[PDB]
Number of protein chains: 2
Amino acid sequence: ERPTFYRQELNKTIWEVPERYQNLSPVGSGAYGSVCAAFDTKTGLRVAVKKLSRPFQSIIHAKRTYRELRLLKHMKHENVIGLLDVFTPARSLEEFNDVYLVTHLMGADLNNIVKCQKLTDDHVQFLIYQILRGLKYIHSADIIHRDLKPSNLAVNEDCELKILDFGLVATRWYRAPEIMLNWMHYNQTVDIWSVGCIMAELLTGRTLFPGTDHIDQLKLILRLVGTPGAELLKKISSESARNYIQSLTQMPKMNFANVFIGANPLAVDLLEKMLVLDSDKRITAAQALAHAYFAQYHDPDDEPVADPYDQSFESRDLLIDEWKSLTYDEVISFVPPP
Amino acid sequence: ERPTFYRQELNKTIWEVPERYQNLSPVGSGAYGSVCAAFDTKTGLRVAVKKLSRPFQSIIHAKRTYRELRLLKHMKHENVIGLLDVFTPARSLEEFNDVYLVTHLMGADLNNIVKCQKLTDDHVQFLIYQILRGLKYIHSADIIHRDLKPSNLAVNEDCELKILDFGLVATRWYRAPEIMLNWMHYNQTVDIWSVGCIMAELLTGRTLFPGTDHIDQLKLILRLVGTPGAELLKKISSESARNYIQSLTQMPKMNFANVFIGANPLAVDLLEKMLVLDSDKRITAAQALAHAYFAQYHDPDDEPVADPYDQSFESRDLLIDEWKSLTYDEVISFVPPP
Ligand SMILES: CC(C)Nc1nc2ccc(-c3ocnc3-c3ccccc3F)cc2s1
Ligand SMILES: CC(C)Nc1nc2ccc(-c3ocnc3-c3ccccc3F)cc2s1
Ligand SMILES: CC(C)Nc1nc2ccc(-c3ocnc3-c3ccccc3F)cc2s1
Ligand SMILES: CC(C)Nc1nc2ccc(-c3ocnc3-c3ccccc3F)cc2s1
């Protein structure tokens with residue numbers, strides 16, 4: 001059974017992939033870690049093979065490594081990067097010190113797409129539809145990305161998109177304003193706020209809240225959605241935060257209808273239900289799916305939920321080798337899809 | 001706003017509850033921690049007030065304390081212990097070093113009920129129905145009890161039951177056999193196996209797998225559900241475990257129809273779908289709810305799911321004071337129900 005591997009250097013690192021993977025070439029200039037684009041002779045599919053960097057060189061890293069193989073092994077949905085393969089040169093636990101991940105190679109990120117570029121309400125309508133489809137899936141394994149953006153949203157020349165990076169020197173702009181209150185626990189709709197900032201950018205082809213820093217961002221945001229009311233300020237646990245906002249000049253809620261003009265009134269009403277200050281009042285992924293705007297794409301019977309996901313592991317405090325073994329067990333427990 | 005507290009000793013410990021709580025008397029002989037039965041003059045309801053023991057005396061404890069207040073504050077369902085109150089004598093963060101929890105007082109545990117005692121198929125049918133109703137709720141916030149039993153199942157003279165202790169010197173018998181493989185991640189149906197062992201006991205009024213030790217238990221179990229087949233043994237990651245079972249004398253799957261005779265054939269078919277070796281083949285809570293046996297109780301429109309539950313916190317590694325503050329923030333963030 002054990003494939004025939006072949007060694008080779010790739011970015012100051014010896015890759016020992018199996019012969020089945022050919023034409024390995026680096027990608028994303030460095031963004032998505034140590035990833036390599038290859039050809040899968042076994043499927044004739046263009047694949048992305050990412051090598052886990054110094055996986056077991058610290059507890060923080062072993063647990064982190066386990067954590068990725070755990071998430072990826074669970075992500076089985078049309079719009080989310082899933083594992084096609086997981087391998088290791090090693091033949092024993094002793095030998096084990098590397099983990100290679102395999103998934104479909106993609107066209108480019110929404111960045112390369114939009115950015116000063118404008119698309120069709122059909123393209124936006126689809127793109128956003130898919131983002132929400134994956135969010136709804138993930139969000140059910142009780143998984144929050146917390147930092148969705150265009151950089152981690154990828155599409156293949158066909159407008160099909162997979163949520164690439166996640167989840168449970170670039171800048172902010174798509175994060176939920178409340179992430180700035182360093183809270184400890186958040187509403188999943190933190191990810192909905194991100195969608196709204198991508199949706200709007202797709203439409204306008206312009207960055208919604210291109211904030212320069214923590215303050216610029218809060219200002220930019222409040223500028224459109226209006227300063228927190230009273231009952232809402234109660235929600236803010238920090239007195240510094242409460243006072244900070246109150247210390248600022250009250251701003252009225254602008255009408256998205258006036259900001260996003262020339263754009264679809266259906267998108268607008270949607271955006272209006274997403275870009276809201278009270279994350280507890282934002283629309284869930286699932287909800288936004290039944291929204292009009294995606295009526296020509298919707299389909300209750302084909303918008304699946306994740307299987308449950310046991311992350312009890314995060315609560316455990318093991319030793320480098322202990323985590324390392326768990327990972328090995330996970331690697332040798334992987335069952336490629338059909 | 002700050003209530004008027006009143007100090008008093010209770011088990012080598014000074015309880016400083018508010019005047020509104022009267023007639024505090026210890027309960028559960030020691031089981032459920034430092035719990036006290038009281039009278040709530042404000043609601044005229046008999047309440048159970050539990051005092052968190054040395055909450056912040058170690059990181060392991062602060063995080064543990066946060067974790068309980070986090071779970072309890074989320075548990076808002078008919079069949080699960082929920083917070084009625086959360087208080088603290090302290091008036092400042094500095095002062096803060098105690099946490100008091102308040103919930104309904106209950107009749108007794110399923111233990112006091114059954115145990116050598118037999119009830120009506122209507123009582124069992126109801127009792128089990130409720131256990132599954134709470135399980136289905138919890139299981140959706142992605143919460144696994146992992147150790148359900150009669151000790152943590154409580155009912156009030158009315159046959160209404162709340163899942164008391166949980167979740168994400170007594171013995172085993174209700175735990176899932178696979179918990180013995182110390183796995184790291186489990187199917188929620190580990191809790192379904194427990195239900196099956198309570199259901200059956202309700203019926204038979206006798207302990208199903210009264211195993212004396214780890215081996216007795218596995219033997220007792222296999223004795224009824226039959227030794228793992230081949231394809232299933234693959235699932236076992238440990239070679240020791242695989243060999244152990246194979247090393248034993250193959251046992252055929254008994255017919256529950258012959259074990260649970262005189263009992264309802266509907267219960268039996270149910271038990272047959274729960275007490276299964278392959279946790280991946282067991283019936284979900286939700287599934288067992290639409291089962292016949294609970295037809296005179298079922299009701300899709302009244303078998304709710306939990307709101308999402310962000311346990312990202314378990315992944316964080318903070319300092320005693322840091323966790324302590326988070327808890328304070330949680331305490332002062334509690335909003336009693338209606
Ligand atoms: C946009 C062009 C460069 N096409 C890309 N297609 C992909 C596809 C995935 C990845 C990736 O990003 C973060 N983790 C992974 C990954 C996860 C599991 C296995 C292998 C992986 F590479 C990056 C990219 S760049
Ligand atoms: C609950 C709702 C209304 N949501 C948010 N309420 C706030 C309130 C403040 C901030 C913030 O943004 C940038 N700096 C601050 C800040 C300023 C001073 C002290 C501490 C800070 F964090 C973000 C947010 S989001
Ligand atoms: C069976 C007789 C003795 N009736 C009981 N009724 C209850 C009700 C709850 C508890 C409890 O058990 C574990 N945690 C709690 C608890 C959780 C939050 C607040 C207060 C608490 F006491 C024990 C019992 S014993
Ligand atoms: C995956 C399925 C069929 N589920 C279970 N497969 C097993 C297999 C074994 C055991 C076990 O039970 C008590 N001792 C052992 C044991 C004996 C020797 C070494 C290690 C041990 F853990 C429990 C379980 S549950």
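Looking at the entry header, you'll see X-ray crystallography listed as the method and 2.80 Å as the resolution.

Enquirer: Sorry, what's going on with the pattern of salt bridges here?
Expert: Two side chains that carry opposite charge are able to pair once their charged atoms sit near each other. All names here are of chain A. Under the counting rule described, the total for this entry stands at 36 salt bridges over all chains. The shortest N-O distance in the salt bridge between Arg 133 and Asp 302 comes to 3.2 Å. For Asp 302, a relative accessible area of 36% puts it in the partly exposed group. When salt bridges with common partners are traced through the structure, they connect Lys 63, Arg 67 and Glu 314 into a single cluster.

Enquirer: I'm lost on the sheet that holds strand β8 (residues 108-109) of chain A in this one. Help?
Expert: By definition, the strands of a sheet pair up through backbone hydrogen bonds, in either a parallel or an antiparallel sense. Residues and elements named next belong to chain A. Read from one edge of the open sheet, 3 strands run β8-β9-β10, paired in antiparallel fashion. A strand with exactly one partner marks an edge of an open sheet, and here the two such strands are β8 and β10 (160-163). Examined bridge by bridge, β8 and strand β9 (residues 153-156) share 2 bridges and lie antiparallel to one another. In the strand pairing of β9, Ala 108 is matched with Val 155. On the sheet, helix α3 (residues 121-138) packs against β9 and β10 and is oriented at approximately 35° with respect to β10.

Enquirer: I keep staring at the UniProt feature "active site" in chain A and nothing clicks. Help me out?
Expert: Residues and elements named next belong to chain A. When the UniProt feature table is mapped onto this chain, "active site" is found at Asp 165. Note on placement: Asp 165 falls in the loop between β10 and α4 (190-204). For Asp 165, a relative accessible area of 34% corresponds to the partly exposed category. Residue contacts for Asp 165: discarding those within four places in its chain leaves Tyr 32, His 145 and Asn 152.

Enquirer: What am I meant to see in the interface of chain B and chain A here?
Expert: Buried accessible area, meaning the area lost when the parts come together, often serves as the stated size of an interface. Contact with chain B, which involves 28 residues of that partner, is made by 28 residues of chain A. Here chain B and chain A share an interface that buries about 1,900 Å² over both sides, 52% of which is from carbon and sulfur atoms. Where chain B packs against chain A, one counts 2 salt bridges. Taking the shortest distance from any N to any O, the salt bridge between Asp310(B) and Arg146(A) comes out at 2.6 Å. Scanning the region where chain B abuts chain A turns up 10 residue pairs in polar contact. Only α1 (59-74) and α11 (320-331) of chain B provide two or more residues apiece to the side of chain B that touches chain A.

Enquirer: Any chance you could explain the site of ligand 4 here in plain terms?
Expert: Residues and elements named next belong to chain B. Taken together, 15 residues surround ligand 4, and among them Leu 218, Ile 236, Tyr 244, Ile 245 and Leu 277 come closest. Taking 560 Å² as the accessible area of ligand 4 by itself, protein coverage stands at 87%. With 4 residues, the top contributor of residues to the shell around ligand 4 is helix α7 (residues 239-247). Tallied by class, residues from the shell around ligand 4 come to 12 nonpolar, 2 polar and 1 charged.

Enquirer: Could you clarify how one ought to interpret the site of ligand 2 in this entry?
Expert: All names here are of chain A. The full set close to ligand 2 counts 15 residues, and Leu 218, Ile 236, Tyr 244, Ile 245 and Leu 277 are the nearest of them. When the free accessible area of ligand 2 is taken as 550 Å², the share hidden by the protein chains comes to 87%. Mapped onto the shell around ligand 2, the elements with two or more residues apiece are α5 (214-225) and α7 (239-247). With 4 residues, α7 is the largest single contributor of residues to the shell around ligand 2. Among the residues forming the shell around ligand 2, the class breakdown is 12 nonpolar, 2 polar and 1 charged.

Enquirer: Could you clarify how one ought to interpret the UniProt feature "binding site: ATP" in chain A in this entry?
Expert: All names here are of chain A. The residues that UniProt annotates with the feature "binding site: ATP" are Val 27, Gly 28, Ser 29, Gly 30, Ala 31, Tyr 32, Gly 33, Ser 34, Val 35 and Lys 50. A stretch of 24 residues holds the annotated residues, and the largest C-alpha distance among them is 13.2 Å, short enough that they meet in one place. Relative to the helices and strands, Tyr 32 is located in the loop between β3 (21-26) and β4 (35-40). In this structure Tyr 32 touches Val 27, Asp 109, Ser 151, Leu 164 and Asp 165, once residues within four positions along its chain are discounted. Here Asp 109 takes part through its side chain, which lies 3.5 Å from a polar atom of the side chain of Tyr 32. With respect to the helices, strands and loops of the structure, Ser 34 is situated in the loop between β3 and β4. Each residue touching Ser 34, except ones within four places of it in the same chain, is listed here: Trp 15, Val 49, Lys 50 and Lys 51.

What counts and how
- Residues numbered from 1 in each chain as written, not as in the entry; some residues may be left out.
- Chains lettered and ligands numbered in written order.
- Heavy atoms only, no water.
- Salt bridge = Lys/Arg side-chain N within 4 Å of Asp/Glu carboxyl O.
- Buried < 20%, exposed > 50% of the residue type's maximum accessible area, 1.4 Å probe, protein only.
- Pairing = 2+ DSSP bridges.
- Helix = DSSP H or I, 4+ residues; strand = E, 2+ residues; numbered from the N terminus.
- Contact = heavy atoms within 4.5 Å.
- Axes fitted to C-alpha atoms, helices over the stretch in contact; angles between N-to-C directions.
- UniProt positions renumbered as here; feature names shortened; annotations may be inferred.
- Buried area = accessible area lost by both parts, 1.4 Å probe.
- Polar contact = N/O pair within 3.5 Å; in protein donor to acceptor, adjacent residues only side chain to side chain.
- Near = heavy atom within 4 Å.
- Areas by Shrake-Rupley, 256 points an atom, 1.4 Å probe, with all protein chains shown as cover.
- Nonpolar A, V, L, I, M, F, W, Y, C, P; charged D, E, K, R; others polar.

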